[PDB]
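Values in this text are rule-based calculations from the coordinates and carry no lab data. So basically every Cβ, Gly included, is an ideal-geometry build from the backbone, and we count neighbours across all protein chains shown.
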Amino acid sequence: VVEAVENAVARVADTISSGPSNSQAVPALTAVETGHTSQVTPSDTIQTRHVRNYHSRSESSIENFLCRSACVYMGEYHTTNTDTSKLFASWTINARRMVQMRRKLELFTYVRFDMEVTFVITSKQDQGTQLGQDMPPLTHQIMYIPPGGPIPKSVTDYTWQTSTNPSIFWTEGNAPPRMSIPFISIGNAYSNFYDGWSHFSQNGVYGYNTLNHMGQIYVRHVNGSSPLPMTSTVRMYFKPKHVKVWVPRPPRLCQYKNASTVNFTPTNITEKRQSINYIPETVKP
Amino acid sequence: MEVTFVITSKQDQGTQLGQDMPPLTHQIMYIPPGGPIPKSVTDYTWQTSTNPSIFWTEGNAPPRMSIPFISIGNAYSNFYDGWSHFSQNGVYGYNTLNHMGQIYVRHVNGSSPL
Amino acid sequence: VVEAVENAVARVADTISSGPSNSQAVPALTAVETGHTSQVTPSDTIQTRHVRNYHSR
Amino acid sequence: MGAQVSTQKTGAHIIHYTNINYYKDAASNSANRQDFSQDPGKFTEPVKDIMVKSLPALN
Amino acid sequence: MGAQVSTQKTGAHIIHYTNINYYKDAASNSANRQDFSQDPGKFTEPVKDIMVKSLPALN
Amino acid sequence: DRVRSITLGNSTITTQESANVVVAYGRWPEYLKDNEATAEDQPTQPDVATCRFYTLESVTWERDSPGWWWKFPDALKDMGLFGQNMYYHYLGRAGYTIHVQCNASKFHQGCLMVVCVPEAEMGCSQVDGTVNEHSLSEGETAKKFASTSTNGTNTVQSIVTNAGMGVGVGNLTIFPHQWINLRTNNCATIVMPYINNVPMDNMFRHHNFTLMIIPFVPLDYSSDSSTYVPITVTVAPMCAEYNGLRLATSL
Amino acid sequence: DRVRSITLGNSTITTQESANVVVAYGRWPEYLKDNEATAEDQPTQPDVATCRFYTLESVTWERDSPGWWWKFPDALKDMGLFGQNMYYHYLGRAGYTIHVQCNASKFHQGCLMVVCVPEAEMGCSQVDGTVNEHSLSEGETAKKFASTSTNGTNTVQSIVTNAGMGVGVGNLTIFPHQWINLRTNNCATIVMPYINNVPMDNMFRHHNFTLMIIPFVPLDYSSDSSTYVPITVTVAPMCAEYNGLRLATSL
Amino acid sequence: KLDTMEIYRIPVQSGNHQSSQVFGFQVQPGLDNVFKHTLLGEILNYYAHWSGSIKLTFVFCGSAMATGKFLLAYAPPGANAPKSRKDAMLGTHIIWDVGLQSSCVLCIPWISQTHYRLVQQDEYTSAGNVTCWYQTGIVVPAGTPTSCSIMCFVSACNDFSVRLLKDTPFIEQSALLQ
Amino acid sequence: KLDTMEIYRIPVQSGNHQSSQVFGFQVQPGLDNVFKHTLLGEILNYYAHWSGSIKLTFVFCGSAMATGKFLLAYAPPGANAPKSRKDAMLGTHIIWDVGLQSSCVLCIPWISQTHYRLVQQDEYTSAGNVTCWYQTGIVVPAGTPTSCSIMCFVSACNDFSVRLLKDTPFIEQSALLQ
Ligand SMILES: CCCCCCCCCCCCC/C=C/[C@H](O)[C@H](N)CO
Ligand SMILES: CCCCCCCCCCCCC/C=C/[C@H](O)[C@H](N)CO
């Protein structure tokens, strides 16, 4: 069986031919007080020729705009140390620490989508005086813990049994690991802004951290080895797909300060020029 | 276009040799005109949130990807008998019209005492 | 579903057989001043046999 | 065998492709890159009474 | 399933092949190596008045 | 078959010794259509004030003459209303009819090549350098090819054998061309359409094509035959269009 | 009923306080027909490069201002491609749309007459003398009517009551005209066809019509109302045609 | 004035000021400081190529008793910017009459030799300039403030489009947790 | 003469010069110095094998009062090149009469034991030679220049083809950025 699926191409409007006019129709006179934006084209104000326009608005749809991978977290962890908390990495899941993807997401109030997640892991040797040894390939474990699950205390804790938590095992020299996640929220859509509190007495925690609660990630080395110490760095990449967004907002002007708040320092509207009439001259012999 | 890359590595001549090194990984990033430019190998710009990049490790097949026809004109121009400024001066010839971005390449390991 | 796509093969021209001649047709006399390149074949200047050419460009 | 055939993105002035789904969950499918709808009047003309654009806005 | 079957390049004096497109963009397809058209008169005979080749060129 | 008449606007050319007419690639000039336009304002089309024959100034063919070239447009920027429409608009578009005349007696000999080269980008006599526009063009006056390798700064490398482009001069027959053989004909005619990678363009910034006149067989004559033999060029624009009216530019 | 929009070429005028439009004698501009032509060459018709609104420079309406006049053509001889087409041809022909703007507040008062006079021949302040063209026109700058009888040589007799023509100024309503009454409207619009005794004419030699702006009720205002009240003119040619292309004249 | 509301107002007044120009700027919807942080500018800075027509709406915010007329002009590239009303009147323009309707639209039409221009505009893909002049002047009665202001709005027409996605240069960090 | 236009002219003159040969060269369209930098030669140097017929057009560029006739001859491989008009007349030839039409075409037909020849021709795939001789001589009246010149053009027929792509030996560099 084969099924033919049709794809409607969507191009921009053609401009029509127009001639001289002398009448009572005033397309160029409006009133912005109504909250309405004028729908006037060049053919209403000047004389125009007919043009057949073949341009398409395909790369500005929301799906093509948001469906690319971006880094959201980077972290380090060791194979040998004297701290036992630096032997594994762990963090809470969100998209608020890297400013590019998070400014791109905050153009809208609410978003809903599935996700594709990729990891990029690299290792390196720690600076020691005596070098020289052959080491077998390293293996890494990534575990996702939804809220309420037990938390590892070390790299040999029983919790890495991962009986019900989903985990990834990977070894260096292969393709980067990848998996997809569905839309997981107790609400009908994700919320990027929340003008409210956590306690009914209008106090407690304000803003975004009240609503996310999506678990944690833990990463470790599996070998448990290496008399000479090594160091690994893990980077995580998000890619949304099957997207829907609501209620657009003005883009962020000020620089970000931290991952919890919308706090900012006052910034200008733009940079200056000489005077309200200044023109740069570019046609000179 | 179809684009392929061939990457090779070698050891720098030192007096004391002998060490085992893990596989090397390389990053290739394409920057279209107007994007920010890296200043070092640890610059934030390698986040590659919107730029397309390739990550690769030695010992595998050479990397490959295809590119569509990207020009603001209807066809590419191999010769241009004209200027950039309307006063018939400035830049002459081919460099006026191409403007297709840059390529940056680095090691990802950040390593190698030797 | 399967769709059959046809590929037209394109070969060079055959040479035709030609015999003796005595007339007013002058295929070998031209004028390059016009900017035109002469479309003459060997069969217009010598006697030829028929050949079926299978070469492809 | 549950195959979808659809047209490719080309220019203007052999062109279709085939897809099979391998997994049981729809969250595993690839992105929907070929849906192009618009409704700008929701943001540019959100008024109760219609405005003709050749008539005055008031009076 | 959107399969194309076409003839292979052989000699003169079982011979077809199958192709499936895997990607959504046509810039990902393989090269078009089997199109052989010609129009030499554009460069060799670009004159307004036709020249017969058995007649004199002038007079 | 050798007599021809061409009328454009209020101008007419007659000839009694023509070979034929070359139509550059089988394409006649025409106006821009609606499914190929990008600029949206209504264009102006003067249609007889601009589409007519303009004559440049003549050159003297001597016994040792290397050849001459002109650049189009910018050779017609002071010609009547075509030049004025060039100065007030941002975008222009036109095809051309070129006619070269040179007559001599049945006791003279010589052969000229008349060729139109699109996008003829030229090189400097200093290889670690760049060209300027005065060395490329002098308007209605012709630039002169040279006899040997050129030197000094700011001049174009103009030895005739390389045509100032790094090619063999005997291969220029790949472009639209004709010959003037003094025993056969006395005029050449080429009809050139608009050739570019964009539908319209600015006419001060971009040279669309170069016209080259190169003698392959030098001029020769005997005891008391006429010594002065001039060559004359005449060009007429066709299907001329302009877009983007503003104040007049100044060079 | 008071709002109006006019589009010509790449230019548009909007107004929210218009009275109506005057069409000079019930006749709209149009091109010359075949059974009324005498010149035989094909004419040029640019059609969007010339037929568009050009704005002149403004004048200041003061408490004691006699009035102003302009001459058409010769007020548009340096305006874009209309002026360039005027300089290269012997014969031209065009109608016009005139639009005069002057706004003020509901606490101001005053009344202006806007009138177009065909063939407005003027007299010299010396009765045993002749006029010159500098005293008749200054291009885009306005000439000024006077307050009393003028004297001296070479100036035009310009006391407003006689309109410089030996008539009563209150009778100028026989011509196409409108009024700007500051409590009623803020703009006047007149559409003028081609009016002459021959089908075409030379545009440097003959003034086809004069535009006069004469206040009948002076400008008045009170304690701290705005004192600066300007008047602005804007003119657009229509159905423009030219004949007789040669080299450019020089004034 | 970079951090006050005065950055949005264009000043006009009564009296003889015809020789003075009201405002002027280049047409660079993603490059010029005047347009780069507006909605249209912010969307364009995620892309490399743009094409289409652009709408500018002007609103007069004076008293109900003030009258005046203005000339709004757009010049195509190829010359220097006009220095007087006589030069500016030769390009694409509209004459705005202030009245019961408060707003007038100047539509900039797509006039270009290429199908697309660069968001990072250079001399090759320049687009021209816009200027404003007094057509008659402002007239008011007694008892009214003399000075007034004008505001300007920008938006895109229904033939507008962009392509070639890229990262924006307006946001940046020096370390994680930001 | 390698850098002058004289490289393109073949000299002829009036008087008794029948015993002198006009010109002669080998048929090696991609190998001989005479043919290697022409259009046909430049295209062939990207390939290894060629096949087909070849057209040579000759144009007389003397005065309108000069008369003459020439013999144009092509000899197949297997013997040495002819040393006199009597030897050359035995191969494939044409007699050109100068008149109102200025041009004569000698067509070299494909005569070979193999279907293809090498672009890098050796003794096994040789193709022969071409020679020109005075059939009568050049006759002029008084008042005319005695010396004249002939020019030769080369092109390919409609049975011509090439195969086996390769790199060309005419372009080279010693480092990048060239
Ligand atoms: C160990 C294998 C699985 C790896 C675990 C990855 C699962 C990550 C949880 C999915 C969360 C994706 C949606 C969260 C993003 C935020 O909602 C956006 N910033 C908008 O609110
Ligand atoms: C980082 C992954 C992508 C790698 C980036 C490769 C993209 C290269 C840009 C495409 C440019 C191809 C067309 C350019 C070639 C010139 O036009 C030709 N010399 C003729 O003009």
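Key figures
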quantity: Residue in segment A:100-115 that is over 32 Å from the mean Cα position of the chain (by Cα) and more than 16 Å from ligand 2 (Cβ to nearest atom) present; calculated: no
quantity: Residue count for segment H:153-166, restricted to those that are surrounded by 18 or more Cβ atoms within 10 Å (Cβ to Cβ) and over 12 Å from A:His55 (Cβ atoms); calculated: 4
quantity: Residue among H:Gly62, H:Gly68 that is buried (at least 17 other Cβ atoms within 10 Å of the Cβ) and either more than 8 Å from every other protein chain (Cβ to nearest Cβ) or β-branched (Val, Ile, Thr) (or both); calculated: H:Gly62
quantity: Test for B:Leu97: is it aliphatic (A, V, I, L, M) and farther than 26 Å from A:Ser232 by Cβ; calculated: yes
quantity: In segment G:1-55, residue surrounded by the most Cβ atoms within 10 Å (Cβ to Cβ) [restricted to those that are more than 7 Å from every other protein chain (Cβ to nearest Cβ) and touching a helix residue (DSSP H, G or I) at 6+ places or on another chain (Cβ under 9 Å)]; calculated: G:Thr50
quantity: Evaluation of F:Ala188 against (1) within 16 Å of the chain's Cα centre (by Cα); (2) farther than 26 Å from F:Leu76 by Cβ (one fails), failing number; calculated: (2)
quantity: Which listed residue, of E:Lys42, E:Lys9, E:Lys53, is more than 14 Å from chain D (Cβ to nearest Cβ), part of a loop (DSSP other than H, G, I, E, B) and within 25 Å of the chain's Cα centre (by Cα); calculated: E:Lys9
quantity: Criterion (more than 17 Å from H:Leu176 (Cβ to Cβ), within 14 Å of chain H (Cβ to nearest Cβ) and away from ligand 2 (no atom under 16 Å from the Cβ)) met by exactly one of A:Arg252, A:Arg235; calculated: A:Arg252
quantity: Within segment H:104-135, tally of residues that are closer than 18 Å to A:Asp44 by Cβ and either surrounded by fewer than 22 Cβ atoms within 10 Å (Cβ to Cβ) or more than 7 Å from every other protein chain (Cβ to nearest Cβ) (or both); calculated: 2
quantity: Breaking point among (1) more than 10 Å from ligand 2 (Cβ to nearest atom); (2) part of a loop (DSSP other than H, G, I, E, B); (3) within 14 Å of chain F (Cβ to nearest Cβ), for B:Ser77; calculated: (1)
quantity: Within segment F:165-234, strands (runs of 3 or more DSSP E) holding 1 or more residues that are more than 30 Å from I:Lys36 (Cα to Cα) and within 9 Å of another protein chain (Cβ to nearest Cβ); calculated: F:187-192, F:209-220
quantity: Members of segment F:192-251 found to be hydroxyl-bearing (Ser, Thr, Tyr) and over 24 Å from F:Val48 (Cβ atoms), listed by number; calculated: F:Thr210, F:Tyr221, F:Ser222, F:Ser223, F:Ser225, F:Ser226, F:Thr227, F:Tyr228, F:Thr249, F:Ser250
quantity: Residue count for segment B:15-63, restricted to those that are farther than 18 Å from B:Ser111 by Cβ and assigned to a loop (DSSP other than H, G, I, E, B); calculated: 18
quantity: Which numbered condition A:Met135 fails, given (1) surrounded by fewer than 19 Cβ atoms within 10 Å (Cβ to Cβ); (2) within 14 Å of chain B (Cβ to nearest Cβ); (3) over 28 Å from B:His107 (Cβ atoms); calculated: (3)
quantity: Selection from segment H:80-117 of residues that are of a type in the set (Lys, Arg) and under 20 Å from H:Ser53 (Cα atoms); calculated: H:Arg117
quantity: Strands (runs of 3 or more DSSP E) lying entirely in segment A:113-208 (those with 1 or more residues that are more than 11 Å from ligand 1 (Cβ to nearest atom)); calculated: A:139-145, A:167-171
quantity: Test: residue in segment G:138-149 that is crowded, with 17+ Cβ neighbours inside 10 Å and touching a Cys at 6+ places or on another chain (Cβ under 8 Å); calculated: no
quantity: Residues of segment F:215-240 satisfying the condition of being acidic (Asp, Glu) and surrounded by fewer than 20 Cβ atoms within 10 Å (Cβ to Cβ); calculated: F:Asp224
quantity: Of residues in segment A:138-164 being surrounded by 13 or more Cβ atoms within 10 Å (Cβ to Cβ) and farther than 23 Å from A:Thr82 by Cα, the one nearest to ligand 2 (Cβ to nearest atom); calculated: A:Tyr144
quantity: Selection from segment E:13-59 of residues that are touching a helix residue (DSSP H, G or I) at 6+ places or on another chain (Cβ under 7 Å) and among the β-branched types (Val, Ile, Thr); calculated: E:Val47
quantity: Count of segment B:36-71 residues which are away from chain A (no Cβ under 11 Å), more than 12 Å from ligand 2 (Cβ to nearest atom) and not hydroxyl-bearing (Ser, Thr, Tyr); calculated: 7
quantity: Residues (facing chain H (nearest Cβ under 7 Å) and under 35 Å from the mean Cα position of the chain (by Cα)) located in segment A:267-284; calculated: A:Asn268, A:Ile269, A:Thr270, A:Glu271, A:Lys272, A:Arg273
quantity: Neighbours by Cβ (under 7 Å, 6+ apart or cross-chain): first from segment A:74-103, of a type in the set (A, V, I, L, M, F, W, C); second part of a helix (DSSP H, G or I) and more than 10 Å from ligand 1 (Cβ to nearest atom); calculated: A:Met98/B:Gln47
quantity: Pair list, Cβ under 6 Å, 6 or more apart: segment C:1-28 residue surrounded by 12 or more Cβ atoms within 10 Å (Cβ to Cβ), other residue assigned to a strand (DSSP E or B) and among the hydroxyl-bearing types (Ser, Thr, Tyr); calculated: C:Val5/E:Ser6; C:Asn7/E:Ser6; C:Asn7/E:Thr7; C:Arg11/C:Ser56; C:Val12/I:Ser161; C:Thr15/C:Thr48; C:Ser18/C:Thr48
quantity: Extreme residue, farthest from A:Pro20 (Cα to Cα), among residues of segment G:90-101 that are surrounded by 24 or more Cβ atoms within 10 Å (Cβ to Cβ) and facing another protein chain (nearest Cβ under 9 Å); calculated: G:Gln101
